[PDB]
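Student: Below: one structure in structure tokens.
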Ligand SMILES: O[C@@H]1[C@@H](O)[C@H](O)OC[C@H]1O
Ligand SMILES: O[C@@H]1[C@@H](O)[C@H](O)OC[C@H]1O
Ligand SMILES: O[C@@H]1[C@@H](O)[C@H](O)OC[C@H]1O
Ligand SMILES: O[C@@H]1[C@@H](O)[C@H](O)OC[C@H]1O
Ligand SMILES: [Ca+2]
Ligand SMILES: [Ca+2]
Ligand SMILES: [Ca+2]
Ligand SMILES: [Zn+2]
Ligand SMILES: [Zn+2]
Ligand SMILES: [Zn+2]
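Residue numbers (mature numbering (1 follows the signal peptide of the UniProt record, and there is no 0)): 205 to 520.
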């Protein structure tokens, strides 16, 4: 819509107050004009018709429980934008300032959120498995990273390629969570998963075995479910990414940590330059060793740490 850019105030899913960019035209719409071609949040109104109605508010205040999923979807979409722009100099997910559109209140009791190829889609959860998933910045950035992947490497969503595809979204989903720097960690979905249970999450990058996911190539899932365990085998790469950043000893392999910033630089360059739709774990290693060589030199510590981390998880 066409209106005056305004700044509203509201509370997200977890009750945290935050400002959001709005557009005023009789009503205050969730339309952020300060980022690329805009960020738009829509109300699906408990139906599956997308995108729905552009979220309108009467007083520019978003403190109602019904607003909370829209606030976080709108706000965190902007944080993800600020991350890729400021850190990797990428304008939106496509690199050409494409508009980031999101729909909340999708269906009823929907325990999922996903990028549909054109926009984000956030369900409200059932209240026991999930609360509104937009409340998890890592989930938001996770799914928005799938768009970046599609507009670059195009990794398929099956077998090892899909595990990489999932690991890329967990890595940058976690890096965006650190970029926001409110309650960062190396878990996924902890903020919205099982509200009645504390200290758990969907999966752990620091210790994938915590939830039965593999932390080594020899333990990779080989079945047919989950498109070949894309969410399961991703732990092997998540463990590698965690070791590259924070370092540590794993299966007797010592890894020197180089930090989160370089981890993002190494993996962002590997995704945008060297990965192909059918990249496997071994080719990802080569993609990360080449990226670190470009950025820091073949003899640099960063290249060594990358090799160490993939050696630790058994990816040669
Ligand atoms: O999971 C924890 C990790 O986040 C921290 O960085 O180091 C100790 C681990 O227990
Ligand atoms: O110790 C882990 C256990 O907590 C989990 O239930 O299943 C996988 C094991 O590695
Ligand atoms: O043979 C593998 C070993 O090299 C590694 O250290 O841990 C897992 C084993 O399967
Ligand atoms: O069965 C596949 C396995 O061979 C590969 O190693 O990782 C993905 C699985 O789907
Ligand atoms: Ca209001
Ligand atoms: Ca997290
Ligand atoms: Ca929980
Ligand atoms: Zn994913
Ligand atoms: Zn967190
Ligand atoms: Zn998923």
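We put the CB at the ideal spot given by N, CA and C, even for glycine.
1) Spatial neighbours of residue 341 within its chain, please: CB distance less than 7 Å, with the 5 preceding and 5 following residues excluded, ordered by chain position.
2) Please report how far the alpha carbon of residue 502 lies from the alpha carbon of residue 496, in whole angstroms.
3) Along the chain, where does the beta strand (DSSP E) that runs through residue 215 open and close?
4) So residue 303 packs on residue 267, CB below 8 Å; how close in whole Å?
5) Between which two residues does the alpha helix (DSSP H) carrying residue 473 extend?
6) Whose beta carbon lies closer than 5 Å to any heavy atom of ligand 9, going through the chain in order?
7) Taking residue 378 as part of the alpha helix (DSSP H), name the residues at either end of that continuous run.
8) So, do the region 329-348 and the region 256-271 have three or more beta carbon pairs nearer to each other than 8 Å?
9) Just how far apart, CA to CA, sit residue 515 and residue 448?
10) Measuring CA to CA, which of 348, 314, 355 is closest to residue 300?
11) Are residue 441 and residue 506 closer than 8 Å when you measure CB to CB?
12) Looking at ligand 10, does it come within less than 7 Å of residue 420, judged from the CB to the closest heavy atom?
13) Rounded to whole angstroms, how far is the Cβ of residue 262 from the Cβ of residue 233, which I believe are closer than 8 Å?
14) Going straight from the alpha carbon of residue 460 to that of residue 237, what length do you get?
15) Around the Cβ of residue 369, are there at least 16 other Cβ atoms within 10 angstroms (buried) or fewer (exposed)?
16) Take the Cβ of residue 205 as the centre, count every other Cβ of all protein chains shown within 10 Å, and call the residue buried at 16 or more, exposed below.
17) Beta-carbon separation of residue 240 and residue 247 under 8 Å?
18) What number of angstroms, rounded off, separates the C-alpha of residue 209 from the C-alpha of residue 217?
Tutor: With the given structure in hand:
1) 280, 283, 380, 381, 384
2) 7 Å
3) 208-215
4) No, residue 303 and residue 267 are not in contact; Cβ-Cβ is about 26 Å, not under 8 Å.
5) 464-473
6) 387, 389
7) 363-384
8) no
9) 11 Å
10) 355
11) no
12) no
13) 11 Å between Cβ atoms; not a contact.
14) 42 Å
15) buried
16) exposed
17) no
18) 24 Å
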